[PDB]
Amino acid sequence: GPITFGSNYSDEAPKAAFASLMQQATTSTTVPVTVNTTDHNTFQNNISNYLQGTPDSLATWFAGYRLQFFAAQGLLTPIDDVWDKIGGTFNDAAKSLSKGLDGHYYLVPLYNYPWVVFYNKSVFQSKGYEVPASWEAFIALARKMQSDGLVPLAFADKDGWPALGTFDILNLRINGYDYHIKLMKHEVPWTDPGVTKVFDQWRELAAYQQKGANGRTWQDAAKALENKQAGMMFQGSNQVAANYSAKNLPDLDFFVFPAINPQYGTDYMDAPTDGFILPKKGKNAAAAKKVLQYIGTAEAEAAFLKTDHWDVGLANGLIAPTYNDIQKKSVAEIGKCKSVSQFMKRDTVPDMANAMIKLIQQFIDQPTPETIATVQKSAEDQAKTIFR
């Protein structure tokens, strides 16, 4: 009764960790597992074709638009039964990100990481900066940083994807989670005034973001933070904290993006969550489900994450013996969100995210009301052809 497992874990470290994880899954469930690895990028690029052909018993995937898309199409087996067994291990956000539009479960999540505002502890302590809970305080602090002669927010967007996070967090803070997701699915148009508010808020924020961002790699901005030339930096932990030297890492901390509209407080965050799915056309489903139940445990998460320094498991209360302090706080802060988004690139279709990358670079170049009008119009026209 062996199963096969389609895996996009092609880099050396995660490949080794996943292979180890499956040895433990066989040990626990008795189900032998053959891991079929495909180049990471290729795997995804071929996801649709892979699912409709002769897919493995189980596969690596992640939460977001495509998960729900493949589920609505009938390409994935629902795993409500798996969830009857593991559900007590996971909170409400973990549960939501694992369901299709039809309320059934299709994913078993394993880990995520956070998009939050990074700063140097020693700097805040010496200059007398207090962690800001609200937009008001956040702006006041940014203003104080400027007077103090410090770039408040290291910022970069030559990579194209980094600025999408700022769009996401402004939307989540101002319009909420349900609206952001609607926008991503194009159930709300890009010309909606909720979107105008986001860019309007950004116009204010942009006064405090590092200049020349369109020509800067995120590593160079992260290095400005590390070199104490910038007070803060908003991005994913596996990016900023990963870029820090071991020597400086102990000075690194973060807080969640401040509250703007108290109706949404800080209830939401981009925390891209990877997991596993059960391809309908896959074989040996009973056995597959047994492995998925093992995967849905704190033990599975801690085992897979041994050598992973940034990602954290979603199982309730899990603080793995190998976690660093950034990881530990990540667990606490992610665990406090009612719902977790998946970053723009996973929450909408790639064409759309890709269209937003350029339009956001354009806003960043000229953050004015006229550019906003142009951006909204261009985004909506793109969406009309993309979601037809």
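Sequential numbering from 1, following the sequence displayed.
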| query | finding |
| --- | --- |
| Given 297 to 305 and 161 to 169, the range whose Cα B-factors average higher in the PDB entry | 297 to 305 |
| Between the two ranges 310 to 318 and 125 to 133, the one averaging a larger CA B factor in the entry | 125 to 133 |
| Highest recorded Cα temperature factor - choice among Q362, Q342, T60, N324 | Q362 |
| Highest recorded Cα temperature factor - choice among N41, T27, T348, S330 | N41 |
| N175 by Cα B-factor - lowest, middle or highest third of the modelled chain | lowest |
| Ranked C-alpha temperature factor of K228 among modelled chain residues, by third | highest |
| Among modelled residues of the same chain, the CA temperature factor third for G282 | highest |
| Where the record places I47 (Cα B-factor, split into thirds across the chain) | highest |
| Lowest, middle or highest third - CA B-factor, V151 | highest |
